[PDB]
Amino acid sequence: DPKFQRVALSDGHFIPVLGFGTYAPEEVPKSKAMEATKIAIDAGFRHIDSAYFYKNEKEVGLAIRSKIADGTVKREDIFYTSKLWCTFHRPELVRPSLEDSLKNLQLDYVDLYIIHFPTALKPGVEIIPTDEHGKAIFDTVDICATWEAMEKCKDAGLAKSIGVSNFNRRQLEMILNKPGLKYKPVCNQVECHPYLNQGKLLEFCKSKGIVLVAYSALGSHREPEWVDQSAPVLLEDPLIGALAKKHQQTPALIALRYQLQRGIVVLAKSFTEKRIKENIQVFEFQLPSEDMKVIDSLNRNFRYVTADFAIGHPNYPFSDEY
């Protein structure tokens, strides 16, 4: 059943090539993630993407633990991802964060734990702490030291795999190039879609054996307001439409299947039963090379997530060409 297909990770673990995305806008109750994750699992999703940041880990864990108690899946059929938030980059905060997430999940490990952004922020009770205004408070933590703390999470059997998110090439190289590296990041999970296809990052990751995992592959939720206001809308792109018509597909399906054909692992968030069943048909067709080269033309280097809160940070990722 091709919908259960996985790509090899450099550490000998396997990751489903399509993942269920669980972030929703703050106004959306975390229970929807719960209801949506159950439905996604029934549909055949096995790879579930979350993060400390989405504050839905107790909800997703109930879902996953629901799907296990009724025979649907075994723990080892599920591939759960979570992410170290930037307020815990400090080595001594890394395990307790992940154990915190396990305690919430009521699971024994996560299959992938990754650094969410390379930009550390000031620890404490705010998720993104900001001053007497706007601006996040940066903290200065060496990414390699965060990395070592993550390697120790792997060694502890807490996370089967470890990786990063939103790193540029320079920042991957820093980890790669770490004197004494035990484990390489198995993936770099980054925004990826026809408007920001990531063709130089992707080539780089591959040459290094790192899996690129794409988020906002369907065009993001387009928040807040100002982005929704002027960002092009992926799923309505007239050329992605032409392509869906030609293959009798939907826009979403074209955009998902574009990523898979580049050996990207692609995430897809829907809390809509029907679009959940739809997204998993991505495996029911292919695009010829000539269609991939026409989608290539849509690239404009536009970002749905500039993560503005880390502008002026030492390690803000998006300044370099890639």
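We number the residues from 1 along the sequence you see.
- Higher average CA B factor: 66-74, of the stretches 66-74 and 51-59.
- According to the PDB record, 170-178 carries the higher mean C-alpha B-factor of the two stretches 236-244 and 170-178.
- Across the options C86, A214, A231, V110, the residue with the most elevated CA B-factor in the record is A231.
- Out of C187, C192, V125, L201, the entry records its largest CA B-factor for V125.
- Sort the chain's modelled residues by C-alpha temperature factor and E148 lands in the lowest third, per the entry.
- For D320, the recorded CA B-factor ranks within the lowest third of the chain. Only modelled residues enter the ranking.
- Looking at the C-alpha B-factors along this chain, the one for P91 belongs to the middle third.
- Placement of the Cα temperature factor of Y183 within the chain: middle third of the modelled residues, per the deposited record.
- For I311, the recorded CA B-factor ranks within the lowest third of the chain. Only modelled residues enter the ranking.
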